[PDB]
Amino acid sequence: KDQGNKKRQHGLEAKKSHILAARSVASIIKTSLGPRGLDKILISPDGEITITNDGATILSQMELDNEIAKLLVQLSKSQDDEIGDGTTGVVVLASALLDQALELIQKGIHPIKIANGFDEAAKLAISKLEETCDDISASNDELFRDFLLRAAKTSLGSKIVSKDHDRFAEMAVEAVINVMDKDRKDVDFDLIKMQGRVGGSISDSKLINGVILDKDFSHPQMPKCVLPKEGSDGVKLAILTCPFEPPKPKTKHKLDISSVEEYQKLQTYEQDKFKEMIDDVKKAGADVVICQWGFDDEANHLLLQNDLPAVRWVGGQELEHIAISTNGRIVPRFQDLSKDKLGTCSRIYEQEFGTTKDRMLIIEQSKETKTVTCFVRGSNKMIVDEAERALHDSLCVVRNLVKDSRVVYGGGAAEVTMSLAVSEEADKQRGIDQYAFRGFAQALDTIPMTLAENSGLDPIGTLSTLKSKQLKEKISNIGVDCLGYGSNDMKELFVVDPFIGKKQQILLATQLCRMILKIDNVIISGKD
Amino acid sequence: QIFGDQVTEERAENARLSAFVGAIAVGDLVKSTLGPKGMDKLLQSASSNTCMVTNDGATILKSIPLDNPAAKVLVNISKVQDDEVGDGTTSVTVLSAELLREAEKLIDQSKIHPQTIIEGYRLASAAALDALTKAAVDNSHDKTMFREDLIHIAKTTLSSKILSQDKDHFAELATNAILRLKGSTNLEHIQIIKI
Amino acid sequence: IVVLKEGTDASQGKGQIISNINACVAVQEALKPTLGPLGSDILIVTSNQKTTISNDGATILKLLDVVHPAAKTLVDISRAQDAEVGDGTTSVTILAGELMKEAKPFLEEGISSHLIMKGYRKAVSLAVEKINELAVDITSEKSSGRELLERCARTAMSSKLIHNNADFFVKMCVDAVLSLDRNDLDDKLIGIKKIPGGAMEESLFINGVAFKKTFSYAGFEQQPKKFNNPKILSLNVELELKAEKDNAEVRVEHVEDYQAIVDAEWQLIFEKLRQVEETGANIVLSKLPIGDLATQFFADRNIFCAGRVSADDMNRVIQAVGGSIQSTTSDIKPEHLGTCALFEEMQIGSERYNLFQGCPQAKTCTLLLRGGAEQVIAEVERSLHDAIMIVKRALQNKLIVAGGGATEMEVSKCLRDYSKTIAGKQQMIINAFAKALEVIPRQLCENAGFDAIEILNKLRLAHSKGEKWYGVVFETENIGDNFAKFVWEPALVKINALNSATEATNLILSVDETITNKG
Amino acid sequence: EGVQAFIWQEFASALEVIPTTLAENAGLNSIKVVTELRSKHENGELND
Amino acid sequence: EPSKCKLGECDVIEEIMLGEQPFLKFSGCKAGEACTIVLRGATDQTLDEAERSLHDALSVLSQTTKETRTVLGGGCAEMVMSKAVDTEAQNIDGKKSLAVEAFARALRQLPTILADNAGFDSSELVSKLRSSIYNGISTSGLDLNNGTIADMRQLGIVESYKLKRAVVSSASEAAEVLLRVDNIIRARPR
Amino acid sequence: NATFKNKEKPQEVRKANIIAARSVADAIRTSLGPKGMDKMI
């Protein structure tokens, strides 16, 4: 079926078209690469308006019919969960490998040889980069606190955060450590909640150790704060998976009212069930009741008399994060409540944020929890979304810094050291793979040349200068200047990149470059 | 076909022209209307009998539909200027078009990095704001009467507020919290201690 | 009014066969890069806008939506290749297409399709007779049911730390799949339990299931450790008297009230103790511990009971005895029982272990490995697992041939010699079928990076001189013997490929004029 | 150093067109013979 | 690096006590200009409502300081800034020499366009205005009524200083986004 | 970034002469060596 409007490619054709398809998307993100790049205006189909240079956001919004560039979106989707800040770095590096792969094809080298050529060249560059790598925790402990603050400052320097960055730098460090273990080194993005609302400024943003739920405490007369009640155990909260209402059988569901007699009785029976369901909360000692469904008007009447605030319309996913952070349990029925199954937190209070009419709640905890909600304030909706994703980028950089204590010096010095080491070892490796190793070293030179063009420097002159400083003088890390400074040697500036982060970039770039070479044919069906 | 659903990316050659010549054409609408002696513009709709003639810069820019995606950026800049003060929207768009007009010469026959051009303005605008400070005058003259006029205005601001209990002491604290600064009046220079 | 073909004319004559040949080449050239494990992948975009990338020959051909009617036969035989066999889905279409390409010059010369079909059908008949000579299936000839599978599994296990002891280790891999029904072969039933301490070569293979000693309580050395036909019972929770977890809060103001709930729990278990007595189960196994109340009662009745057995072992207990799992201890029923031939407790590893041995009803075995460290044994478990999975598919199909162009070139070489003794037009037709077999090793070398021009001449030179088993090495490019390297392929794949590809090719050519309606 | 340093690399790659063409016009494998020259000329000098 | 930084200092650090809590009172800060208003209430309601109402009173008093403060208009301030930018264009690095000079050109185009709608010759008036302020006479400006150059202090033509700072700041923010553009992403229609 | 645009293109005219010059070298390329291919003129 669908014979017409069917595209078919062959070996002698698609191999040239697959390279041109990658160079089109690559040249688009070369202008936004680096702190001197371009912030692009993007509007999601859901109505969110924001301006950012992040490649993971830009490439995700790209909808195109080129099948080679679709593989760039598939890799960035998997990389966004691992890192998310290396989208612009991998695509340009992968395109540099494809540009060198096309040259090897013209020399008579099969594309499967290029896949194995870059694979052995990537593994060789990992060992060379690890030998020149430096460690933090084994060196200086106080610089470890300074490295985490200044690494986020690099990502927060291109945003309005740069004025208040001092506070958000500490908020990004604590948010990552809370959701992870030092030995396990496992950080999940679902454990850190990123939220923000309009109003206030960025200097008023607070770091919360628990959920948010966006609740006003239902009826306004209910108290906006919850006390420990004379040295109790934490603050007990009730989690209910059943709505608040008189129970009805599943066999009938029908209620017959013959006259005012049965009408007045049924009206009192529904109120008697309201008194029986609230007593189970009092017997368990739960201060606030959290339910998935709304409450009636009579419900807020009995909860107000007993000073028991209410929570309405909580999603199923939010109920899981409450029991984990507060060390609670999920109680299916009403009568199964008890002090052991109630979530225990440090305190519960309603903190009014600026002039915003939301008036949400804040549930914190003294001990380390598995759930952290980062809340950001700003005078405009675009400012909130800009500072939110900028803080999220700082969470991803610190995530890789604590994942591997060893880090490499960035700013272009990492790609030059990896290129000079493979190029020297390329002559020692004979055979057909010798050109595959030389082309891999030339492909690594695209990253510092791209950063040099965006910084206003000669890409050839600066790259050749850095190679002479790392050879004739001594072996060290001196990169191109991304941000304004007096001179070279970013190592003096203490600009570091995570070794596990940079290694993850070169592996995904090689894994995708091989997969692109493993597709010589494109079959696209038409529209019936 | 990248993007889609009316979203598209301009060519690097056309984007520089759309951000410069396209922005000048938008600034050309308010160019001849700048000043009290400025000219007028015509806004005509499909019905053609609903039209009007006005010199307002904020009315002409917002009424005319702009298909240029770079022109929508100047609309957001006009909204930022309108938030500060309701006057001067025309002068900002015209001055921004003059900076972009020379920017075309700052690229083609110059070869200067665009971020360095902005840093060149940041150093030039800093000297421009300093030149306005040295030549700044004031109607504050007869400050002896002006210093007395401030304590009476502070008393009017205390109306309906619980501070109305004593007007003389609290208005003196607010008056001395400003004139004694001899500098920026922002609240960052005034610390509040609640006890 | 009603039109069947919707007014679509179709040409006839010799040009219709040419249109069928070009359709087979278009399908072939797409599947050429997908032949081999290192071959290229095809990207297909369906009208649903779902982009998938896979090397499976069956998944690709279903998403292409081929309108050509004669090319649908290549897709139909590919779906049957993945169903009845599962291997060679891509190679059967390429072979049928290359055989179609070799018949293209036969049409230009005027050779009718009748002798073309009879020339290939005779070549396949001579090929199957040669494959049976090339395929080596041996049982009682210079081998046994073990050593045959032990040799092929030793080379893949060679060049490892266990290579010195590999003689004793390879015997336990073949005995693992032979201890269970040969009709159903699973790689999850060979699961190995590690025993810390001891020499590596002292490991013993067990036909049944084994587990450690969970007994920390006094009263051992009472129940008899050797049974004739013990009845094995499987349990889950709520067996012993005092519950280890999930207790209850009971407040009593009197001593007699405290002794009442103890005697109440005693009577509930005592009725369950006699339930096993009336059932006649000599073996009691559960995932929860067993208190002293059940141990003392089962000791006088000569009933063995062991608690706290891991869930991984209990899964092998059920399939070994041929019984079923019971949820509670009140519902115990006799049909869940099973029996082995022997029961004993071994001191192997300086730790006493209770295990079943020599069970004819066992559908799964358990291997016990010994070593100086548990991390070393874990490397042996992964090394022995790779050897069992290779002989697993070798035990299912015991008729195998030498892969890597060995068998493919030998069939082509003999058919070229058979053509010299066959006069007539079939002489040049059989030579084309032997040449059509050259595409299988070609595309394998092209997709892997090897040069198909050099490897074709170097193989034919070495294959036609001396030993006839010389294959092609998949890793390093060179001529070699795949029969020595123990690289094998099941013969039923090549037999069904030559039958399906040649028939489908002979069918398409059997029609001079094809009229196909559209709609 | 600078722009000239990149030209020395391209000038060296431009000198390999003569031996590569000799391998192509003689029927020998292009990429294979050229790599055999870089391999043998490392140990020996002008001997191959 | 040691001995490289911006350091502060103060003459005396004295610890006092007010409201039964220890406080710190600094004395003699270097070039210190500031104040600290200590509000002593009887409850939290008196403290919170006073701080919000005090900032509103300080905002009205600060509004009269920043506004009603004007600068010389009629092309004067636009040309006076050009002289300072040309001074910045004097000492500058290599690549920003033309970038800074281009900013002074747009400053001279503001009185040029104002003279366009007046119906006079802008090239004659702006050129003479630049040469007049360059050497002495920094108060001169363009007179649109008589079509000549006269002193702005004598004619009484002034324009707000807050308006000048708002236009220059908005022009720098608008040029910050637009000059970085190597490509334009068209917004999604709502 | 933003660099010299080169509105007039004298270099693009030279690049056309380079491609025309490389086309002559491609024809002579097949004639290199004693085993080189002959050319019919």
# chains A, B, ... in the order shown; residues from 1 in each chain; ligands from 1
$ residues_around --residues "residue B:173" --least-positions-apart "2" --cutoff "12 Å" --atoms "only C-alpha atoms" --output "PyMOL selection string"
(chain B and resi 150-151+154-155+163+166-171+175-180+190) or (chain E and resi 35-39+54-55+57-58+61)
$ write_last_selection --atoms "N, CA and C atoms" --output "PDB file, in the first residue's frame"
ATOM      1  N   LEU B 150       8.987  68.272  52.494  1.00  0.00           N
ATOM      2  CA  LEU B 150       9.030  66.814  52.528  1.00  0.00           C
ATOM      3  C   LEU B 150       8.403  66.257  53.801  1.00  0.00           C
ATOM      4  N   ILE B 151       8.550  66.961  54.927  1.00  0.00           N
ATOM      5  CA  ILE B 151       8.003  66.450  56.180  1.00  0.00           C
ATOM      6  C   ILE B 151       6.483  66.564  56.191  1.00  0.00           C
ATOM      7  N   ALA B 154       5.223  63.615  53.977  1.00  0.00           N
ATOM      8  CA  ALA B 154       5.331  62.365  54.720  1.00  0.00           C
ATOM      9  C   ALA B 154       4.177  62.192  55.698  1.00  0.00           C
ATOM     10  N   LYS B 155       3.677  63.293  56.266  1.00  0.00           N
ATOM     11  CA  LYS B 155       2.524  63.205  57.156  1.00  0.00           C
ATOM     12  C   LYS B 155       1.263  62.806  56.400  1.00  0.00           C
ATOM     13  N   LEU B 163       0.646  54.330  61.899  1.00  0.00           N
ATOM     14  CA  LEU B 163       1.674  55.290  62.282  1.00  0.00           C
ATOM     15  C   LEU B 163       1.120  56.692  62.506  1.00  0.00           C
ATOM     16  N   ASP B 166       1.568  59.370  66.047  1.00  0.00           N
ATOM     17  CA  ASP B 166       2.440  60.535  66.166  1.00  0.00           C
ATOM     18  C   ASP B 166       2.978  60.860  64.779  1.00  0.00           C
ATOM     19  N   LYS B 167       2.547  61.995  64.225  1.00  0.00           N
ATOM     20  CA  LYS B 167       2.986  62.393  62.892  1.00  0.00           C
ATOM     21  C   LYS B 167       4.346  63.076  62.905  1.00  0.00           C
ATOM     22  N   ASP B 168       4.647  63.849  63.952  1.00  0.00           N
ATOM     23  CA  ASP B 168       5.867  64.652  63.952  1.00  0.00           C
ATOM     24  C   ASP B 168       7.115  63.782  64.046  1.00  0.00           C
ATOM     25  N   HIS B 169       7.082  62.742  64.880  1.00  0.00           N
ATOM     26  CA  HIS B 169       8.273  61.922  65.077  1.00  0.00           C
ATOM     27  C   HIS B 169       8.517  60.996  63.892  1.00  0.00           C
ATOM     28  N   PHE B 170       7.453  60.422  63.327  1.00  0.00           N
ATOM     29  CA  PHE B 170       7.627  59.453  62.251  1.00  0.00           C
ATOM     30  C   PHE B 170       7.947  60.128  60.923  1.00  0.00           C
ATOM     31  N   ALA B 171       7.383  61.312  60.670  1.00  0.00           N
ATOM     32  CA  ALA B 171       7.710  62.027  59.442  1.00  0.00           C
ATOM     33  C   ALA B 171       9.147  62.533  59.457  1.00  0.00           C
ATOM     34  N   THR B 175      11.884  61.608  56.631  1.00  0.00           N
ATOM     35  CA  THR B 175      12.556  62.696  55.931  1.00  0.00           C
ATOM     36  C   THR B 175      14.069  62.589  56.070  1.00  0.00           C
ATOM     37  N   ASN B 176      14.555  62.286  57.277  1.00  0.00           N
ATOM     38  CA  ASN B 176      15.989  62.137  57.487  1.00  0.00           C
ATOM     39  C   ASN B 176      16.532  60.849  56.883  1.00  0.00           C
ATOM     40  N   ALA B 177      15.662  59.904  56.528  1.00  0.00           N
ATOM     41  CA  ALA B 177      16.096  58.671  55.885  1.00  0.00           C
ATOM     42  C   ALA B 177      16.366  58.841  54.397  1.00  0.00           C
ATOM     43  N   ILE B 178      16.057  60.005  53.829  1.00  0.00           N
ATOM     44  CA  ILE B 178      16.238  60.271  52.404  1.00  0.00           C
ATOM     45  C   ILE B 178      17.314  61.328  52.172  1.00  0.00           C
ATOM     46  N   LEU B 179      17.095  62.547  52.675  1.00  0.00           N
ATOM     47  CA  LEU B 179      18.017  63.648  52.411  1.00  0.00           C
ATOM     48  C   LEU B 179      19.415  63.355  52.945  1.00  0.00           C
ATOM     49  N   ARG B 180      19.509  62.647  54.072  1.00  0.00           N
ATOM     50  CA  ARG B 180      20.811  62.343  54.653  1.00  0.00           C
ATOM     51  C   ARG B 180      21.578  61.282  53.873  1.00  0.00           C
ATOM     52  N   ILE B 190      18.678  51.409  53.420  1.00  0.00           N
ATOM     53  CA  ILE B 190      17.933  51.620  54.656  1.00  0.00           C
ATOM     54  C   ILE B 190      17.599  50.257  55.246  1.00  0.00           C
TER      55      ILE B 190
ATOM     56  N   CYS E  35      21.331  54.742  56.548  1.00  0.00           N
ATOM     57  CA  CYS E  35      20.646  54.868  57.824  1.00  0.00           C
ATOM     58  C   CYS E  35      19.908  53.570  58.117  1.00  0.00           C
ATOM     59  N   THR E  36      19.644  53.338  59.401  1.00  0.00           N
ATOM     60  CA  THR E  36      18.916  52.161  59.857  1.00  0.00           C
ATOM     61  C   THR E  36      17.782  52.615  60.762  1.00  0.00           C
ATOM     62  N   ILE E  37      16.548  52.366  60.336  1.00  0.00           N
ATOM     63  CA  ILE E  37      15.367  52.753  61.098  1.00  0.00           C
ATOM     64  C   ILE E  37      14.943  51.558  61.943  1.00  0.00           C
ATOM     65  N   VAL E  38      15.062  51.693  63.259  1.00  0.00           N
ATOM     66  CA  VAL E  38      14.688  50.644  64.199  1.00  0.00           C
ATOM     67  C   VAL E  38      13.270  50.933  64.672  1.00  0.00           C
ATOM     68  N   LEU E  39      12.334  50.064  64.303  1.00  0.00           N
ATOM     69  CA  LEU E  39      10.934  50.206  64.682  1.00  0.00           C
ATOM     70  C   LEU E  39      10.662  49.346  65.910  1.00  0.00           C
ATOM     71  N   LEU E  54       6.067  52.468  55.849  1.00  0.00           N
ATOM     72  CA  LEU E  54       7.249  53.323  55.828  1.00  0.00           C
ATOM     73  C   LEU E  54       7.888  53.343  54.445  1.00  0.00           C
ATOM     74  N   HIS E  55       7.985  52.179  53.797  1.00  0.00           N
ATOM     75  CA  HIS E  55       8.539  52.128  52.448  1.00  0.00           C
ATOM     76  C   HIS E  55       7.667  52.885  51.457  1.00  0.00           C
ATOM     77  N   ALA E  57       6.004  55.612  52.294  1.00  0.00           N
ATOM     78  CA  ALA E  57       6.317  57.011  52.559  1.00  0.00           C
ATOM     79  C   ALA E  57       7.695  57.377  52.024  1.00  0.00           C
ATOM     80  N   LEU E  58       8.649  56.445  52.097  1.00  0.00           N
ATOM     81  CA  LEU E  58       9.974  56.701  51.544  1.00  0.00           C
ATOM     82  C   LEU E  58       9.953  56.708  50.021  1.00  0.00           C
ATOM     83  N   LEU E  61       8.738  60.262  48.995  1.00  0.00           N
ATOM     84  CA  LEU E  61       9.810  61.230  49.190  1.00  0.00           C
ATOM     85  C   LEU E  61      10.930  61.041  48.175  1.00  0.00           C
TER      86      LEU E  61
END
$ residues_around --residues "stretch 10-22 of chain D" --least-positions-apart "6" --cutoff "10 Å" --atoms "only C-alpha atoms" --output "PyMOL selection string"
(chain A and resi 107) or (chain D and resi 28-35+37) or (chain F and resi 29-36)
$ atom_distance --atom1 "atom CA of residue A:196" --atom2 "atom CA of residue B:76"
22.2 Å
$ interface_residues --of "chain A" --to "chain B" --cutoff "9 Å" --atoms "only C-alpha atoms" --output "JSON list (two decimals) with N, CA and C atoms, in the first residue's frame"
[["chain", "number", "residue", "atom", "x", "y", "z"],
["A", 36, "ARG", "N", 28.25, 33.27, 25.39],
["A", 36, "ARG", "CA", 28.10, 34.38, 24.47],
["A", 36, "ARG", "C", 27.11, 34.09, 23.34],
["A", 37, "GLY", "N", 26.44, 32.94, 23.39],
["A", 37, "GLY", "CA", 25.53, 32.55, 22.34],
["A", 37, "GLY", "C", 24.24, 33.34, 22.36],
["A", 61, "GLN", "N", 11.77, 21.25, 20.61],
["A", 61, "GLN", "CA", 10.74, 21.98, 19.88],
["A", 61, "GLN", "C", 10.91, 21.88, 18.37],
["A", 62, "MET", "N", 12.01, 21.30, 17.89],
["A", 62, "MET", "CA", 12.25, 21.20, 16.46],
["A", 62, "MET", "C", 11.47, 20.02, 15.89],
["A", 63, "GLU", "N", 10.60, 20.31, 14.92],
["A", 63, "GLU", "CA", 9.83, 19.29, 14.21],
["A", 63, "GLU", "C", 10.21, 19.38, 12.74],
["A", 64, "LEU", "N", 10.86, 18.33, 12.22],
["A", 64, "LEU", "CA", 11.38, 18.33, 10.87],
["A", 64, "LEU", "C", 11.27, 16.93, 10.28],
["A", 65, "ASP", "N", 11.34, 16.87, 8.95],
["A", 65, "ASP", "CA", 11.16, 15.62, 8.21],
["A", 65, "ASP", "C", 12.47, 14.90, 7.90],
["A", 66, "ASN", "N", 13.61, 15.47, 8.27],
["A", 66, "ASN", "CA", 14.89, 14.83, 8.03],
["A", 66, "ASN", "C", 15.10, 13.70, 9.03],
["A", 453, "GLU", "N", 34.94, 31.02, 17.71],
["A", 453, "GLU", "CA", 34.21, 31.90, 16.80],
["A", 453, "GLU", "C", 33.13, 32.68, 17.54],
["A", 454, "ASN", "N", 32.46, 32.04, 18.50],
["A", 454, "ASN", "CA", 31.43, 32.72, 19.27],
["A", 454, "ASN", "C", 32.01, 33.68, 20.29],
["A", 455, "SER", "N", 33.30, 33.56, 20.61],
["A", 455, "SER", "CA", 33.95, 34.45, 21.56],
["A", 455, "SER", "C", 34.68, 35.61, 20.89],
["A", 456, "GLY", "N", 34.67, 35.67, 19.56],
["A", 456, "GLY", "CA", 35.34, 36.75, 18.87],
["A", 456, "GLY", "C", 36.83, 36.56, 18.67],
["A", 457, "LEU", "N", 37.29, 35.31, 18.60],
["A", 457, "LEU", "CA", 38.70, 35.00, 18.43],
["A", 457, "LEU", "C", 38.89, 34.14, 17.19]]
$ select_by_dssp --residues "chain F" --states "alpha helix (DSSP H)" --output "PyMOL selection string"
chain F and resi 10-29
$ interface_residues --of "chain F" --to "chain A" --cutoff "12 Å" --atoms "only C-alpha atoms" --output "ChimeraX atom specification"
/F:1-3
$ write_last_selection --atoms "C-alpha atoms" --output "mmCIF file, in the first residue's frame"
data_model
loop_
_atom_site.group_PDB
_atom_site.id
_atom_site.type_symbol
_atom_site.label_atom_id
_atom_site.label_comp_id
_atom_site.auth_asym_id
_atom_site.auth_seq_id
_atom_site.Cartn_x
_atom_site.Cartn_y
_atom_site.Cartn_z
ATOM 1 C CA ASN F 1 29.156 35.533 15.300
ATOM 2 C CA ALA F 2 29.244 38.581 13.015
ATOM 3 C CA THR F 3 32.189 39.010 10.646
#
$ interface_residues --of "chain A" --to "chain C" --cutoff "8 Å" --atoms "only C-alpha atoms" --output "list in words"
residues 1, 2, 3, 110, 112, 113, 517, 518, 519, 520, 521, 522, 523, 524, 525, 526, 527 and 528 of chain A
$ select_by_dssp --residues "chain B" --states "strand (DSSP E)" --output "list in words"
residues 41, 42, 43, 52, 53, 54, 190, 191, 192, 193 and 194 of chain B
$ closest_residue --among "F:41, F:5, F:16, F:25" --to "chain B" --atoms "only C-alpha atoms"
F:5
$ residues_around --residues "residue A:96" --least-positions-apart "5" --cutoff "8 Å" --atoms "only C-alpha atoms" --output "PyMOL selection string"
chain A and resi 443-444+446
$ residues_around --residues "residue F:7" --least-positions-apart "6" --cutoff "12 Å" --atoms "only C-alpha atoms" --output "VMD selection string"
chain B and resid 13 105 107 to 109
$ interface_residues --of "chain E" --to "chain F" --cutoff "12 Å" --atoms "only C-alpha atoms" --output "ChimeraX atom specification"
/E:95,179-183
$ write_last_selection --atoms "N, CA and C atoms" --output "PDB file, in the first residue's frame"
ATOM      1  N   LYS E  95      38.998  46.263  18.969  1.00  0.00           N
ATOM      2  CA  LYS E  95      37.778  45.868  18.274  1.00  0.00           C
ATOM      3  C   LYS E  95      36.564  46.709  18.651  1.00  0.00           C
ATOM      4  N   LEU E 179      21.203  42.261  19.044  1.00  0.00           N
ATOM      5  CA  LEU E 179      22.530  42.158  18.445  1.00  0.00           C
ATOM      6  C   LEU E 179      23.112  40.756  18.569  1.00  0.00           C
ATOM      7  N   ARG E 180      22.718  40.004  19.598  1.00  0.00           N
ATOM      8  CA  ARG E 180      23.163  38.624  19.744  1.00  0.00           C
ATOM      9  C   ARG E 180      22.505  37.686  18.742  1.00  0.00           C
ATOM     10  N   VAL E 181      21.562  38.174  17.943  1.00  0.00           N
ATOM     11  CA  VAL E 181      20.774  37.316  17.066  1.00  0.00           C
ATOM     12  C   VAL E 181      21.581  36.972  15.821  1.00  0.00           C
ATOM     13  N   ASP E 182      21.896  35.686  15.653  1.00  0.00           N
ATOM     14  CA  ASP E 182      22.305  35.151  14.362  1.00  0.00           C
ATOM     15  C   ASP E 182      21.174  34.438  13.633  1.00  0.00           C
ATOM     16  N   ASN E 183      20.030  34.250  14.287  1.00  0.00           N
ATOM     17  CA  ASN E 183      18.848  33.677  13.659  1.00  0.00           C
ATOM     18  C   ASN E 183      17.627  34.058  14.485  1.00  0.00           C
TER      19      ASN E 183
END
$ atom_distance --atom1 "atom CA of residue C:92" --atom2 "atom CA of residue C:78"
7.0 Å
$ decode --residues "stretch 21-37 of chain F" --atoms "N, CA and C atoms" --output "tab-separated table (two decimals), in the first residue's frame"
chain	number	residue	atom	x	y	z
F	21	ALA	N	39.98	24.66	-12.66
F	21	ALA	CA	41.35	24.19	-12.72
F	21	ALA	C	41.49	22.78	-12.14
F	22	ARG	N	40.72	22.47	-11.10
F	22	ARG	CA	40.74	21.13	-10.54
F	22	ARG	C	40.11	20.11	-11.48
F	23	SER	N	39.19	20.55	-12.34
F	23	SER	CA	38.61	19.65	-13.33
F	23	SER	C	39.64	19.20	-14.35
F	24	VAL	N	40.62	20.05	-14.66
F	24	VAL	CA	41.69	19.65	-15.56
F	24	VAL	C	42.60	18.63	-14.88
F	25	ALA	N	42.88	18.82	-13.59
F	25	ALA	CA	43.71	17.87	-12.86
F	25	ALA	C	43.02	16.52	-12.71
F	26	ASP	N	41.69	16.51	-12.65
F	26	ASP	CA	40.96	15.24	-12.56
F	26	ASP	C	41.10	14.43	-13.84
F	27	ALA	N	41.15	15.10	-14.99
F	27	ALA	CA	41.35	14.40	-16.26
F	27	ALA	C	42.77	13.86	-16.38
F	28	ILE	N	43.77	14.64	-15.95
F	28	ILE	CA	45.15	14.17	-15.98
F	28	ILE	C	45.41	13.15	-14.88
F	29	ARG	N	44.55	13.09	-13.86
F	29	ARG	CA	44.76	12.17	-12.74
F	29	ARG	C	44.78	10.72	-13.21
F	30	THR	N	43.92	10.37	-14.16
F	30	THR	CA	43.84	9.00	-14.66
F	30	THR	C	45.04	8.61	-15.52
F	31	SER	N	45.83	9.58	-15.98
F	31	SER	CA	46.97	9.31	-16.85
F	31	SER	C	48.29	9.19	-16.10
F	32	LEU	N	48.28	9.30	-14.78
F	32	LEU	CA	49.51	9.27	-14.01
F	32	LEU	C	50.07	7.85	-13.93
F	33	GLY	N	51.39	7.74	-14.11
F	33	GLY	CA	52.06	6.47	-14.02
F	33	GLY	C	52.09	5.73	-15.34
F	34	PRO	N	52.95	4.71	-15.44
F	34	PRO	CA	53.00	3.92	-16.68
F	34	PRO	C	51.75	3.10	-16.93
F	35	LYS	N	50.99	2.79	-15.88
F	35	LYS	CA	49.74	2.05	-16.01
F	35	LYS	C	48.53	2.97	-16.13
F	36	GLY	N	48.74	4.28	-16.21
F	36	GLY	CA	47.63	5.21	-16.28
F	36	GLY	C	46.79	5.01	-17.53
F	37	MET	N	45.55	5.49	-17.44
F	37	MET	CA	44.59	5.33	-18.52
F	37	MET	C	44.82	6.36	-19.62
